[PDB]
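One chain is shown next in structure tokens, namely the form deposited in one PDB entry.
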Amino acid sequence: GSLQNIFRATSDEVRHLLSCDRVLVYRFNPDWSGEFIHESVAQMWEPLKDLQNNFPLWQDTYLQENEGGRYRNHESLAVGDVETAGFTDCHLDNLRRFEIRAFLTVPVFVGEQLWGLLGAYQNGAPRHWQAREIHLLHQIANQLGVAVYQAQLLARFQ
């Protein structure tokens, strides 16, 4: 509740600051599968969130098998054109399915834990992500993670 407010604020802020088309918050499950729990999207695009406020599944075997992959090391991935990135077909198929032409995805650490991912997406054209934008989203995600942990500390004690 207070949490969805945090996710809304952050996601809308990213979309506003980066002028991207979609922003997603993705939370890892214990087995390193994950779940979308928030979307900010411009009105011209089909939303991933349906009318029951449910999201599609992105079953990324690679993140799961590598228990978060590069994100374990506080690293991000910026891809300017998914079509030229040399991705595995099952991965590219999901990128296309979610109308992702370019993405910038950074880790969200909550306390000491890799809690999830924060993604910024361009839907209708490639995008050369600037080093500054990467640095900015990295910090927005750090701030999100601290907000989540702060909320947990208050909610779960007294």
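In this text, rigid core is short for the largest set of C-alphas that superpose within 1.5 Å between two forms. In this text, residue numbers run from 1 along the sequence as written.
23-31 versus 46-54 - greater average Cα B-factor per the deposited record: Looking at the recorded C-alpha B-factors, 46-54 comes out higher on average.
Higher-scoring stretch by recorded Cα B factor average, 139-147 or 5-13: In the deposited entry, the stretch with the higher C-alpha B-factor mean is 5-13.
Between 110, 102, 90, 118, which one tops the list for C-alpha B-factor in the PDB entry? Spelled out: the listed residue with the top C-alpha B-factor is 90.
Quick check on the deposited entry: does the C-alpha B-factor of residue 41 sit in the lowest, middle or highest third of its chain? As the PDB entry reports it, the C-alpha B-factor of residue 41 lands in the lowest third of its chain.
In terms of the chain's CA B-factor thirds, is residue 59 lowest, middle or highest? Highest third of the chain for residue 59's C-alpha B-factor.
What third of its chain, lowest, middle or highest, does the C-alpha temperature factor of residue 130 fall into? For residue 130, the deposited C-alpha B-factor lands in the middle third.
From this point on, the text means the form deposited in another entry, which you will not see here.
Rigid core superposition between this form and the one not shown: residue from 129, 109, 58, 28 with Cα shift of 2 Å or more: The only residue crossing the 2 Å threshold is 58.
Flag for residue 38, CA shift 2 Å or larger between this form and the one not shown after aligning core: It does not reach a 2 Å shift.
Closer or farther: the C-alpha atoms of residue 54 and residue 87 in that other deposited form, versus the form shown, with a change of 3 angstroms or more? Between the C-alphas of residue 87 and residue 54, the gap narrows in that other deposited form (3 Å or more compared with this form).
Taking the shown form as the reference, report whether the CA atoms of residue 52 and residue 48 lie closer or farther apart in that other deposited form; the distance changes by 3 angstroms or more. Relative to the shown form, the pair is closer.
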